[PDB]
Each structure stands twice: as structure tokens, then as C-alpha cells.
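We begin with a single chain expressed as C-alpha cells, specifically the form deposited in one PDB entry.
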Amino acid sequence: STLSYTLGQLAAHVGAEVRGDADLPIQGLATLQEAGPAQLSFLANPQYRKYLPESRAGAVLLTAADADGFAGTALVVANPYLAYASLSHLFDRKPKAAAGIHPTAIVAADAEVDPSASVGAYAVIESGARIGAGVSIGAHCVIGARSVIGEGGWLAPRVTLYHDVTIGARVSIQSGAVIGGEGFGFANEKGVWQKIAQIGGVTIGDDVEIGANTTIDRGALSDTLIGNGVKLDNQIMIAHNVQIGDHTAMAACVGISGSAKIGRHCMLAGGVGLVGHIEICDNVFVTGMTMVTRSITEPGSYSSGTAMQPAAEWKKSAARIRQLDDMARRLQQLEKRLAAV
């Protein structure tokens, strides 16, 4: 038996006005070009407006504007994209575990697990750990000594928290994430690296998302700090003592070096790197695979790298870059020569 809702139930959830029959049953969501008659669609991007009248969707989330002249059933909302975002959860088939501790889970006698929490098979909860109400700990999770997960948290299978990791409410952590590991902390003695113990922890705020195989190092002395509402994609590396301001988003494969500070409402595109000990102010966007080498004090977008070219053309551009000092010297000599005549 598949999940099903009427257009009326869906419209109630997002405060939509149904212009058509509210009793139509809906079995899922789809984009305008993919949608069939049992699916609700949405128009967010003016670029996809071409596909609205030909869509086979049973109904479409629309602005009052885009609903005028439209022949199908409209669900009229201020913001179709946000309404889609809310409705998506009603069609999620991710399994939900019942409250309880799997018989194979190992829970230290002085760990506290809320009775409304679920702890999966072969999970390990260490001494002093605290698991809050409505938290779901997946199979094979390891929750280190004294670590805390706030109410409504969700950990996929195979998440690792080291000791002294404190997490706020409603965390979402995908499989393979490692939180509180020891980062690269070495002192050089005449060429031989000497380990510095990493004796800070991690503090994570509320409503944080952490993607698959993302690593967040513990602090060297004080904590690594992740603010509220921070969204981290997959394969991210956050080094020791990084600070991430509230509502910042980081796309996949981002790497942030030690002690960097990122402000609120920043957006780092995929594969961005930040060097250590710099600060980025609020409302900064960094485009894909940029290397950020210094502090940013002005809001706006920032970039590094070159345009992609066909390889033979790129090789010519790269050869000319190495000649730029020579070309600048030649341009200066030419200006002096023309001035003289």
C-alpha cells in the first residue's frame, strides 16, 4: 500500500487555495516535465514556465500570477518551492525506527538514553553520553564518552562521534560522518613531526545537517564551533578550531583549514578550500573550486581559477601566463619607445 493524500490534505499542510477539486488523490511529487496525473508538481523557475500548459501533472503548486489562465488544478501559494519543500516530507519512504534499544546495542551503565530514543543494532554508546528525546541512532553508530545529542536528532547508520562532542537539537547526520577526530596537529623538531594532543571538543548548534563521509575535527584547546542552521554536504573536511556562523551552507568536497572563521549566511560552492587563520564576513559566496587565501571583509561573490578550454587551447593560455612578466616588461618598453618618437 503506497502513501496517498488528497489535494485538500496537501493544500491544508502548506496553506494553499485549491482551484479545482480538493478530493483528487496524489501518490507523489514530480517536476513539470516528468509528472503524471497521480502526481503534484510545482513551478518555481520562470525558465520552466514553457512546460506548464503541456505538463501531465494532476495539479501544480503556483503563484496567484501563474494560476491566472492555467487550465489544470492549481494549488495557489506565495512560494511554490517552499511548499514543495514542506510537502516532500509527506512522501518520504525512509524507514523510522520505533523507540527502544536494540538488544545488540552496548550502552554504558552511566550513559543516559531517553526512553523515546531509538538505538540500532551493534551501536556503542560510551560512558557519560546523553541521547535526548526522539533521537534515532542508526545501526553501527559509535557515540564517544560524554558526547551529547539533543532532542529530535537523526544519525544514519555508521556515524562516529569521538568523546566530548556536544550537539544541539534536530541534528541530521548521514552515514560515514566522523565528528571529533584528531586533526593534523604536529610540531616540527629538526624535520621530525611531534604530535600535539587535541584536547578541545566540538560544539554543534541546532538544526545542523552533516553529509556522508564528512569529517569535523575536535579543537586543539577550545572547541571547533558549528552554529545553528548550518548545512554541510558530503565529503567536507572541517579542521580543528574552525568556527562556522549560523545559517551558512557548504557544498560537497569543501575543505576548511584550521582556525578559519566563517560568518553567518555564507555559501561555499563545491570543492572550495580556505586556508587557515582567516576570517570571512557574513553574506559571502565563494564559487566552485576557489582557493580562499586571505580574509574577506566585504560581502559578495569571490572566485579563483581559469575558464575551461579545449586542452590544446588551455595549454597555449597556460604557456602565455608563464610569459606575463616578460609581456608586461615588453609593453612598458614599447610605451617608453612610442613616447620618445
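Here, rigid core means the biggest group of C-alpha atoms that superpose within 1.5 Å across both forms. Each residue number is its position in the shown sequence, starting from 1.
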| item | value |
| --- | --- |
| Mean C-alpha temperature factor, higher of 258-266 and 85-93 | 85-93 |
| Which of 55-63 and 281-289 has higher mean CA B factor, as the PDB entry lists it | 55-63 |
| Per the PDB entry, maximal CA B factor within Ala197, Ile173, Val76, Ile244 | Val76 |
| Among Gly144, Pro115, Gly205, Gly153 - the residue whose C-alpha B-factor is largest in the record | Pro115 |
| For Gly300, the third of its chain into which the C-alpha B factor falls | middle |
| Entry-reported Cα temperature factor of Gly138, expressed as the chain third it lands in | middle |
| Third of the chain's Cα B-factor distribution that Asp164 belongs to, per the entry | middle |
| CA B-factor placement of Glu189, once the chain's modelled residues are sorted into thirds | highest |
| Entry-reported Cα temperature factor of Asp110, expressed as the chain third it lands in | highest |
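The same protein has a further form, the form deposited in another entry, not shown here; the description that follows concerns it.
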| property | result |
| --- | --- |
| After fitting the core, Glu17 CA displacement of 2 Å or more between the shown form and the other one | no |
